[PDB]
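Chains as they are written, first to last, in the deposited numbering: chain B, 91 to 146, 150 to 270, 273 to 288; chain A, 90 to 270, 274 to 289.
Every residue gets a Cβ at the ideal spot worked out from N, C-alpha and C, and that includes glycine.
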Amino acid sequence: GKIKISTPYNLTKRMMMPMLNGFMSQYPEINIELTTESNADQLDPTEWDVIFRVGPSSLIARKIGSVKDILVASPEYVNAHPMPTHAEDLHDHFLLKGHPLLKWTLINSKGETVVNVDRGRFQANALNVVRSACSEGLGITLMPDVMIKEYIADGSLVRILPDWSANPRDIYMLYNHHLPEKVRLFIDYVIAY
Amino acid sequence: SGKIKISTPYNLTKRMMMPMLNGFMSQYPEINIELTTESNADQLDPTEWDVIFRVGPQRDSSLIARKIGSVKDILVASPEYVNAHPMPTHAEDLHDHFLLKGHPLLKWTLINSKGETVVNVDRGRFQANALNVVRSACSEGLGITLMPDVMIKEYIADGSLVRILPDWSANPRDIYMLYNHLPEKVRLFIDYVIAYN
């Protein structure tokens, strides 16, 4: 009962695992083989049973969620510097940047974009270690709001430049056009979660 | 250049590297770091990197290698999984249990106190290329996994995960710091690491 799936590389633990744990717990006789993937455009759709990606033609696509990247910093960073009042002042701050959000393409409530390609104080190919550096007070970062809700809630991380964000991207489940019963049970479970 | 370029092992970076790295960046705000978590460090080109942290030894004569730590993988499961099944008492009983496997521990090579070696190649109920999501499924009581002890020591102390087959364990793997035999920023980093440990 093996299902082979691909999931967004940074979002998998916080966003997909409760759903996947729920499914496995309900269907003990089904194996899941998971691959976290940084860029699903390079996948061969025929190779997988279901693909979860962020961002949007022989495949069935169904939106299952959304995520909005936001700028944040710890309270001790905020207290040690004047925080930026407009998006240009980011050039004067320590930046912390994680793949795939390395080239920041920020956007405000009126559609204009400010592009920031400053070299971060800290750059990594994974966002979890960038969050750790941000929590330690080493600067401002651009981070999916869902990965950091626990810290936003009590102000361990605080939102800076609240009128700005990355353009929210939707999250999709994709699969191909019979179809084994293991795959459709899983698709249906995802749609109902 | 305007940065130090370092490579670190995939599953362990957050736990074993970031405290040191955050303390260094804290002390040298003028220094920039670019970090890449890495799965197979035998495929890296040393000249491409300022410093390389890796699991397991290397034989490169152009590199200085310093042991900065070690990890040992152990078998665990949640109390809910344990209280729902009779637990195994020899490593051969793993075949009849739900297994959760994450790279680079898709192969379980288990030694006991007396020296017997058992290899487990069964497909898990859940298999993943990362160990953090494997741990999450273990905590939810979906079965037995093999996990680097440093990643679950708070779970063991608290009792949220339990050690199973405590007479069995993988052999320890060491973590090394590698660097060529040097820019000042890289030199300052290496001394911080040694003085940290």
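Beta carbon of residue i nearer than 7 Å to that of residue j
i: residue 96 of chain B; j: residue 123 of chain B; result: no
i: residue 233 of chain B; j: residue 253 of chain B; result: yes
i: residue 291 of chain B; j: residue 228 of chain B; result: The shown model of chain B, from 91 to 288, leaves out residue 291 of chain B, and the question about it has no answer.
i: residue 230 of chain A; j: residue 170 of chain A; result: yes
i: residue 125 of chain A; j: residue 218 of chain B; result: yes
i: residue 109 of chain A; j: residue 288 of chain A; result: yes
i: residue 258 of chain B; j: residue 196 of chain B; result: no
i: residue 211 of chain B; j: residue 163 of chain B; result: no
i: residue 201 of chain B; j: residue 256 of chain B; result: yes
i: residue 91 of chain B; j: residue 137 of chain B; result: no
i: residue 133 of chain A; j: residue 267 of chain A; result: no
i: residue 155 of chain B; j: residue 187 of chain B; result: no
i: residue 281 of chain B; j: residue 93 of chain B; result: yes
i: residue 199 of chain B; j: residue 180 of chain B; result: yes
i: residue 183 of chain B; j: residue 177 of chain B; result: yes
Residues that residue i contacts on chain B, provided the C-beta gap is smaller than 9 Å
i: residue 142 of chain A; result: Within chain B, no residue comes near residue 142 of chain A; the closest Cβ sits about 13 Å away, beyond 9 Å.
i: residue 229 of chain A; result: 107, 108, 111, 112, 114 and 115
Residue i: contacting residues in chain A (beta-carbon distance under 9 Å)
i: residue 121 of chain B; result: 212, 213, 214, 215 and 216
Local conformation of residue i per DSSP, three classes
i: residue 109 of chain A; result: helix
i: residue 102 of chain B; result: helix
i: residue 260 of chain B; result: coil
i: residue 287 of chain A; result: helix
i: residue 181 of chain B; result: helix
i: residue 220 of chain B; result: helix
i: residue 128 of chain B; result: coil
i: residue 133 of chain B; result: coil
i: residue 279 of chain B; result: helix
i: residue 242 of chain A; result: helix
i: residue 202 of chain B; result: coil
i: residue 249 of chain A; result: coil
Interface partners of residue i on chain A, CB under 8 Å
i: residue 187 of chain B; result: 118
i: residue 124 of chain B; result: 215, 216, 217, 218 and 222
Closer than 8 Å at the beta carbon, the chain B residues around residue i
i: residue 226 of chain A; result: 107, 110, 111 and 114
i: residue 91 of chain A; result: 212
Those residues which DSSP pairs with residue i across a bridge
i: residue 152 of chain A; result: A:269
i: residue 164 of chain A; result: A:235
i: residue 197 of chain A; result: A:209
i: residue 94 of chain A; result: A:123
i: residue 189 of chain B; result: B:215 and B:234
i: residue 141 of chain A; result: A:96 and A:267
i: residue 225 of chain B; result: DSSP lists no partner for residue 225 of chain B.
i: residue 159 of chain A; result: A:263
Contact set between residue i and chain A, taken where Cβ atoms lie within less than 7 Å
i: residue 103 of chain B; result: 221, 222 and 225
_Under 8 Å: do the segment 187-199 of chain B and the segment 214-234 of chain B share three or more Cβ pairs, one atom per stretch?_
Contact between the segment 187-199 of chain B and the segment 214-234 of chain B is established, with three or more Cβ pairs separated by less than 8 Å.
Practice item. Flag this pair as touching only if the segment 198-210 of chain B and the segment 237-251 of chain B have three or more C-beta atom pairs under 8 Å; answer yes or no. Key: They do not touch, by the three-pair rule.
Could you tell me whether the segment 91-107 of chain A touches the segment 140-150 of chain A, where touching means 3 or more Cβ pairs closer than 8 Å? Touching, per the Cβ criterion.
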